[PDB]
Amino acid sequence: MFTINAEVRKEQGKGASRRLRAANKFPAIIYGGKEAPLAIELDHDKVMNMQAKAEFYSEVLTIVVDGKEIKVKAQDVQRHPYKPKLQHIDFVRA
Amino acid sequence: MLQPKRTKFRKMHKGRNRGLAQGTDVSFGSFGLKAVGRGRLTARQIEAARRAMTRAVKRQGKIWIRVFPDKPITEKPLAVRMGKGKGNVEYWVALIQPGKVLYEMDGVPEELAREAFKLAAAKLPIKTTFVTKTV
Amino acid sequence: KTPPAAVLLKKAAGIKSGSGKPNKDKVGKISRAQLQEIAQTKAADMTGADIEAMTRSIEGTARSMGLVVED
Amino acid sequence: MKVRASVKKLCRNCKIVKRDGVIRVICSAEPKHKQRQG
Amino acid sequence: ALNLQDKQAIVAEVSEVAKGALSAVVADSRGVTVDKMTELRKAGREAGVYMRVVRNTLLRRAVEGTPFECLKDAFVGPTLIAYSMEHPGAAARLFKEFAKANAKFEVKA
RNA sequence: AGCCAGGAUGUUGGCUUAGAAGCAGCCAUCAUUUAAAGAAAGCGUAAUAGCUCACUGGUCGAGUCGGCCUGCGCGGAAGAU
Ligand SMILES: [Mg+2]
Ligand SMILES: [Mg+2]
Ligand SMILES: [Zn+2]
């Protein structure tokens, strides 16, 4: 159902991460399984409007990156404390 | 009126309130009242907000207070010179970091919880906001 | 010209005061043998051509007294 | 009127109008609702 | 409120009655009391008359089943219909009563 | 959104009802007719009554309603040569 267009984090660290949050993106990472994990920068308002749906925490989520289409499922999320927005997502491979 | 029944010591240093909060996810009920500002709450404020909420839902529903003071404020009396020892205790406070969920409620409609929390938000020294049950 | 439904539960139901406790405690129970005859005799000023129309209408008024429907 | 720092629509027929940079509240039904310095 | 399926549903409820119609009344009802309505509802099934008051712009969806587009374009003003399903007449006569009995509208159809 | 029109019956819903008819109030808040009529949102009532709204039809015809993230503003804001 869900399909997420995404870029690749070329720089990692909190300075680039807070630049990336202030640029109205936010980072996340896919891990689990046999492959080395993959770090993602992606758009904020898109997924912020996705995640209110209850199906977001249940169904299987496809993500387009490099053209490659990856099937994952959501595990945990670093929400910001008081504003209604997000910081970081841990995705788990299938 | 909310007060530790026994403490390890009489007094405590002043301390600081640097950083953010822990108790952030809504974990008991359906609706939550969360701190946005940064400061400290008295037991009188907490009890008055509790009375406002219980007034608005009149009796019915279950209400959680996720906070408890466990910090005194020493106050030297009127017309006492400086020094001569740290003052006596007159009121207890709770440390507030931003994003701390303060109150929690289950068993009512959403609009009623919303208006009850905006009644109790005026009882408080800080800006507070409204949150739902999440994952 | 037609008698009210609130007073008919003092001569054909069993209670002599009013409710007291509408949905806190049941006092008695009402079957359908008491009200079909009264609904049949009261076909002078009603709303509804079918008898089914005012059947549940007359029954549903008495429910706020701590009475049990028996059907 | 009554001049309170925070003004509210009080009924169905209360109304918010800015006049001379000052907020005023007018009711068509009840004269008590009339307010200023919002 | 009013679902699009609800607006479909009123059409699907009325259209088979229109298919099972003999003649009908398209009137004006500019002001009729509840006590002026309930006896007319009684006389409805009491003579076998099936009357409805619809969204007046929402009829031609069900009326468009020719041969029932006959007096189609009579939607101006508030209207209402009364189909008769047995012995045509005895439904239009029921409003030919009130056309001189309630001192109001000339019926449009 | 205006404007034309409706907006009931059982029903004063039970009651400590002095007196309560949605009409301060304690309880649930359910049934007819239809397009709708909350057994009720709120002013009035000695208690009624009378005048609105939540709802529905028509007239008119292109946008309309208030939630969020935000930059900048407004009131709040009165002292003494
Ligand atoms: Mg640094
Ligand atoms: Mg000035
Ligand atoms: Zn007003």
# chains A, B, ... in the order shown; residues from 1 in each chain; ligands from 1

$ interface_residues --of "chain C" --to "chain E" --cutoff "8 Å" --atoms "only C-alpha atoms" --output "NGL selection string"
:C and (47-49)

$ write_last_selection --atoms "N, CA and C atoms" --output "PDB file, in the first residue's frame"
ATOM      1  N   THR C  47     -51.067   8.985  15.861  1.00  0.00           N
ATOM      2  CA  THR C  47     -50.308   9.228  14.646  1.00  0.00           C
ATOM      3  C   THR C  47     -49.804   7.888  14.141  1.00  0.00           C
ATOM      4  N   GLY C  48     -50.241   7.498  12.948  1.00  0.00           N
ATOM      5  CA  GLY C  48     -49.813   6.236  12.378  1.00  0.00           C
ATOM      6  C   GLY C  48     -50.956   5.318  12.003  1.00  0.00           C
ATOM      7  N   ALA C  49     -51.021   4.954  10.721  1.00  0.00           N
ATOM      8  CA  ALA C  49     -52.111   4.124  10.221  1.00  0.00           C
ATOM      9  C   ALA C  49     -51.929   2.663  10.610  1.00  0.00           C
TER      10      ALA C  49
END

$ residues_near_ligand --ligand "ligand 2" --cutoff "12 Å" --atoms "only C-alpha atoms (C1' of nucleotides) and all ligand atoms" --output "PyMOL selection string"
(chain D and resi 21) or (chain F and resi 74-78)

$ write_last_selection --atoms "N, CA and C atoms (P, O5', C5', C4', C3', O3' and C1' of nucleotides)" --output "PDB file, in the first residue's frame"
ATOM      1  N   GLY D  21      -8.355  49.910  15.511  1.00  0.00           N
ATOM      2  CA  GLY D  21      -7.349  49.024  16.062  1.00  0.00           C
ATOM      3  C   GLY D  21      -7.699  48.425  17.403  1.00  0.00           C
TER       4      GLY D  21
ATOM      5  P     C F  74       2.774  45.739  17.183  1.00  0.00           P
ATOM      6  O5'   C F  74       1.222  45.397  17.133  1.00  0.00           O
ATOM      7  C5'   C F  74       0.318  46.302  16.518  1.00  0.00           C
ATOM      8  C4'   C F  74      -1.082  46.182  17.068  1.00  0.00           C
ATOM      9  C3'   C F  74      -1.237  46.284  18.576  1.00  0.00           C
ATOM     10  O3'   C F  74      -1.205  47.612  19.066  1.00  0.00           O
ATOM     11  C1'   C F  74      -2.526  44.472  17.768  1.00  0.00           C
ATOM     12  P     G F  75      -0.728  47.901  20.574  1.00  0.00           P
ATOM     13  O5'   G F  75      -1.952  47.430  21.479  1.00  0.00           O
ATOM     14  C5'   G F  75      -3.196  48.114  21.454  1.00  0.00           C
ATOM     15  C4'   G F  75      -4.281  47.322  22.144  1.00  0.00           C
ATOM     16  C3'   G F  75      -4.091  47.082  23.634  1.00  0.00           C
ATOM     17  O3'   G F  75      -4.579  48.159  24.410  1.00  0.00           O
ATOM     18  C1'   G F  75      -4.704  45.060  22.562  1.00  0.00           C
ATOM     19  P     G F  76      -3.849  48.582  25.773  1.00  0.00           P
ATOM     20  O5'   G F  76      -3.797  47.244  26.636  1.00  0.00           O
ATOM     21  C5'   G F  76      -4.916  46.795  27.390  1.00  0.00           C
ATOM     22  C4'   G F  76      -4.590  45.512  28.107  1.00  0.00           C
ATOM     23  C3'   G F  76      -3.479  45.626  29.140  1.00  0.00           C
ATOM     24  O3'   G F  76      -4.026  45.914  30.415  1.00  0.00           O
ATOM     25  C1'   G F  76      -3.068  43.781  27.673  1.00  0.00           C
ATOM     26  P     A F  77      -3.117  46.437  31.628  1.00  0.00           P
ATOM     27  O5'   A F  77      -2.118  47.467  30.946  1.00  0.00           O
ATOM     28  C5'   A F  77      -2.320  48.868  31.082  1.00  0.00           C
ATOM     29  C4'   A F  77      -1.164  49.649  30.513  1.00  0.00           C
ATOM     30  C3'   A F  77      -1.389  50.225  29.118  1.00  0.00           C
ATOM     31  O3'   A F  77      -0.651  51.435  28.988  1.00  0.00           O
ATOM     32  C1'   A F  77       0.422  48.720  29.061  1.00  0.00           C
ATOM     33  P     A F  78      -1.419  52.828  28.799  1.00  0.00           P
ATOM     34  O5'   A F  78      -1.490  53.416  30.271  1.00  0.00           O
ATOM     35  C5'   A F  78      -0.380  53.314  31.146  1.00  0.00           C
ATOM     36  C4'   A F  78      -0.571  54.198  32.349  1.00  0.00           C
ATOM     37  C3'   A F  78       0.679  54.615  33.096  1.00  0.00           C
ATOM     38  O3'   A F  78       1.382  55.661  32.452  1.00  0.00           O
ATOM     39  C1'   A F  78      -1.023  54.014  34.630  1.00  0.00           C
TER      40        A F  78
END

$ residues_around --residues "residue 33 of chain D" --least-positions-apart "3" --cutoff "9 Å" --atoms "only C-alpha atoms (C1' of nucleotides)" --output "list in words"
residues 1, 2, 8, 9, 10, 11, 14, 25, 26, 27, 29 and 30 of chain D

$ write_last_selection --atoms "N, CA and C atoms" --output "short mmCIF file (atom, residue, chain, number, x, y, z; two decimals), in the first residue's frame"
data_model
loop_
_atom_site.label_atom_id
_atom_site.label_comp_id
_atom_site.auth_asym_id
_atom_site.auth_seq_id
_atom_site.Cartn_x
_atom_site.Cartn_y
_atom_site.Cartn_z
N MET D 1 -20.91 48.90 28.69
CA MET D 1 -20.09 47.77 28.32
C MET D 1 -19.29 47.30 29.51
N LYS D 2 -18.38 46.38 29.24
CA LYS D 2 -17.39 45.97 30.21
C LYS D 2 -16.06 45.83 29.49
N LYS D 8 -14.93 37.51 24.66
CA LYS D 8 -15.51 36.26 24.20
C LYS D 8 -16.82 36.54 23.50
N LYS D 9 -17.08 35.82 22.41
CA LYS D 9 -18.46 35.72 21.95
C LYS D 9 -19.25 34.96 23.00
N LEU D 10 -20.34 35.55 23.47
CA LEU D 10 -21.05 35.00 24.61
C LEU D 10 -22.33 34.28 24.23
N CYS D 11 -22.94 34.62 23.10
CA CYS D 11 -24.14 33.92 22.68
C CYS D 11 -24.06 33.68 21.17
N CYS D 14 -23.64 37.40 19.49
CA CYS D 14 -22.43 38.16 19.74
C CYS D 14 -21.62 38.28 18.45
N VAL D 25 -16.89 43.89 20.98
CA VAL D 25 -17.83 42.79 20.89
C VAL D 25 -19.24 43.34 21.08
N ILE D 26 -20.09 43.11 20.08
CA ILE D 26 -21.45 43.64 20.02
C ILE D 26 -22.41 42.47 19.95
N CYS D 27 -23.48 42.53 20.74
CA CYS D 27 -24.56 41.56 20.63
C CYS D 27 -25.82 42.22 20.13
N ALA D 29 -28.78 40.74 20.70
CA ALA D 29 -29.81 40.31 21.64
C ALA D 29 -29.62 40.90 23.04
N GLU D 30 -28.45 40.72 23.64
CA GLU D 30 -28.25 41.07 25.04
C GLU D 30 -27.24 42.20 25.18
#

$ residues_near_ligand --ligand "ligand 1" --cutoff "12 Å" --atoms "only C-alpha atoms (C1' of nucleotides) and all ligand atoms" --output "PyMOL selection string"
chain A and resi 13-18

$ select_by_dssp --residues "segment 39-79 of chain E" --states "helix (DSSP H, G or I)" --output "PyMOL selection string"
chain E and resi 39-47+60-63

$ write_last_selection --atoms "N, CA and C atoms" --output "CSV table (one decimal), in the first residue's frame"
chain,number,residue,atom,x,y,z
E,39,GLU,N,-53.5,13.4,9.0
E,39,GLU,CA,-54.7,12.8,8.4
E,39,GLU,C,-54.6,12.5,6.9
E,40,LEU,N,-53.8,13.3,6.2
E,40,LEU,CA,-53.5,13.0,4.8
E,40,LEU,C,-52.7,11.8,4.6
E,41,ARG,N,-51.7,11.6,5.6
E,41,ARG,CA,-51.0,10.3,5.6
E,41,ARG,C,-51.9,9.1,5.9
E,42,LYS,N,-52.9,9.3,6.8
E,42,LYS,CA,-53.9,8.3,7.1
E,42,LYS,C,-54.6,7.9,5.8
E,43,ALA,N,-55.2,8.9,5.2
E,43,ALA,CA,-56.0,8.8,3.9
E,43,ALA,C,-55.1,8.2,2.8
E,44,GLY,N,-53.8,8.4,2.8
E,44,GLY,CA,-52.9,7.8,1.9
E,44,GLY,C,-53.0,6.3,1.8
E,45,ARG,N,-52.6,5.5,2.8
E,45,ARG,CA,-52.8,4.0,2.7
E,45,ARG,C,-54.3,3.7,2.9
E,46,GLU,N,-55.1,4.5,3.5
E,46,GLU,CA,-56.5,4.2,3.7
E,46,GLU,C,-57.3,4.3,2.4
E,47,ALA,N,-56.7,4.9,1.4
E,47,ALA,CA,-57.2,4.8,0.0
E,47,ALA,C,-56.2,4.0,-0.9
E,60,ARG,N,-35.6,13.6,-11.7
E,60,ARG,CA,-35.4,13.2,-13.1
E,60,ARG,C,-34.5,12.1,-13.3
E,61,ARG,N,-33.7,11.8,-12.2
E,61,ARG,CA,-32.9,10.6,-12.2
E,61,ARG,C,-33.7,9.3,-12.2
E,62,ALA,N,-34.9,9.3,-11.5
E,62,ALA,CA,-35.8,8.2,-11.5
E,62,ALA,C,-36.9,8.4,-12.5
E,63,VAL,N,-37.3,9.6,-12.8
E,63,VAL,CA,-38.3,10.0,-13.8
E,63,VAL,C,-37.8,9.7,-15.2

$ residues_around --residues "residue 50 of chain E" --least-positions-apart "3" --cutoff "10 Å" --atoms "only C-alpha atoms (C1' of nucleotides)" --output "CSV table (one decimal) with C-alpha atoms, in the first residue's frame"
chain,number,residue,atom,x,y,z
E,14,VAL,CA,-38.9,5.8,-5.3
E,17,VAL,CA,-42.8,2.8,-7.2
E,21,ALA,CA,-47.4,3.8,-10.7
E,24,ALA,CA,-49.6,10.8,-9.7
E,41,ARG,CA,-51.0,10.3,5.6
E,44,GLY,CA,-52.9,7.8,1.9
E,45,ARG,CA,-52.8,4.0,2.7
E,47,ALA,CA,-57.2,4.8,0.0
E,81,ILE,CA,-45.7,13.8,-5.4
E,82,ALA,CA,-48.4,11.3,-4.5
E,83,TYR,CA,-48.5,8.1,-6.6
E,84,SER,CA,-51.6,6.0,-6.8
E,85,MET,CA,-51.0,2.2,-7.1
E,91,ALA,CA,-55.4,10.1,-5.0

$ residues_around --residues "residue 60 of chain C" --least-positions-apart "3" --cutoff "7 Å" --atoms "only C-alpha atoms (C1' of nucleotides)" --output "PyMOL selection string"
(chain C and resi 56-57+63) or (chain F and resi 30-31)

$ write_last_selection --atoms "N, CA, C and O atoms (P, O5', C5', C4', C3', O3' and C1' of nucleotides)" --output "PDB file, in the first residue's frame"
ATOM      1  N   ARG C  56     -44.770   0.146  19.319  1.00  0.00           N
ATOM      2  CA  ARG C  56     -43.552   0.453  20.060  1.00  0.00           C
ATOM      3  C   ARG C  56     -43.531   1.894  20.569  1.00  0.00           C
ATOM      4  O   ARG C  56     -42.793   2.181  21.514  1.00  0.00           O
ATOM      5  N   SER C  57     -44.381   2.779  20.027  1.00  0.00           N
ATOM      6  CA  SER C  57     -44.413   4.171  20.479  1.00  0.00           C
ATOM      7  C   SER C  57     -45.021   4.309  21.861  1.00  0.00           C
ATOM      8  O   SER C  57     -44.531   5.091  22.685  1.00  0.00           O
ATOM      9  N   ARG C  63     -40.640   3.403  29.504  1.00  0.00           N
ATOM     10  CA  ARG C  63     -39.390   2.716  29.814  1.00  0.00           C
ATOM     11  C   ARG C  63     -38.529   3.448  30.833  1.00  0.00           C
ATOM     12  O   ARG C  63     -37.599   2.846  31.382  1.00  0.00           O
TER      13      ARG C  63
ATOM     14  P     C F  30     -31.429   7.914  22.811  1.00  0.00           P
ATOM     15  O5'   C F  30     -32.076   6.493  23.148  1.00  0.00           O
ATOM     16  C5'   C F  30     -32.952   5.846  22.235  1.00  0.00           C
ATOM     17  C4'   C F  30     -34.208   5.353  22.913  1.00  0.00           C
ATOM     18  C3'   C F  30     -35.389   5.100  21.985  1.00  0.00           C
ATOM     19  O3'   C F  30     -35.367   3.804  21.414  1.00  0.00           O
ATOM     20  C1'   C F  30     -36.092   6.419  23.828  1.00  0.00           C
ATOM     21  P     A F  31     -35.809   3.582  19.887  1.00  0.00           P
ATOM     22  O5'   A F  31     -37.366   3.919  19.859  1.00  0.00           O
ATOM     23  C5'   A F  31     -37.973   4.322  18.642  1.00  0.00           C
ATOM     24  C4'   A F  31     -39.478   4.307  18.705  1.00  0.00           C
ATOM     25  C3'   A F  31     -40.175   5.025  17.562  1.00  0.00           C
ATOM     26  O3'   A F  31     -40.290   4.233  16.393  1.00  0.00           O
ATOM     27  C1'   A F  31     -41.169   5.649  19.617  1.00  0.00           C
TER      28        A F  31
END

$ atom_distance --atom1 "atom CA of residue 54 of chain E" --atom2 "atom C1' of residue 9 of chain F"
23.2 Å

$ residues_around --residues "residue 47 of chain B" --least-positions-apart "5" --cutoff "9 Å" --atoms "only C-alpha atoms (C1' of nucleotides)" --output "list in words"
residues 1, 2, 42 and 52 of chain B

$ residues_around --residues "residue 58 of chain C" --least-positions-apart "2" --cutoff "8 Å" --atoms "only C-alpha atoms (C1' of nucleotides)" --output "VMD selection string"
(chain C and resid 5 35 39 54 to 56 60 to 62) or (chain F and resid 10 31)

$ select_by_dssp --residues "segment 22-84 of chain B" --states "strand (DSSP E)" --output "PyMOL selection string"
chain B and resi 31-35+39-42+62-65+71-75

$ interface_residues --of "chain F" --to "chain E" --cutoff "12 Å" --atoms "only C-alpha atoms (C1' of nucleotides)" --output "PyMOL selection string"
chain F and resi 4-9+32-37+55-59

$ interface_residues --of "chain D" --to "chain F" --cutoff "12 Å" --atoms "only C-alpha atoms (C1' of nucleotides)" --output "list in words"
residues 3, 4, 5, 6, 7, 10, 11, 12, 13, 18, 19, 20, 21, 22, 23, 24, 29, 30, 36, 37 and 38 of chain D

$ atom_distance --atom1 "atom CA of residue 48 of chain A" --atom2 "atom CA of residue 33 of chain B"
21.2 Å
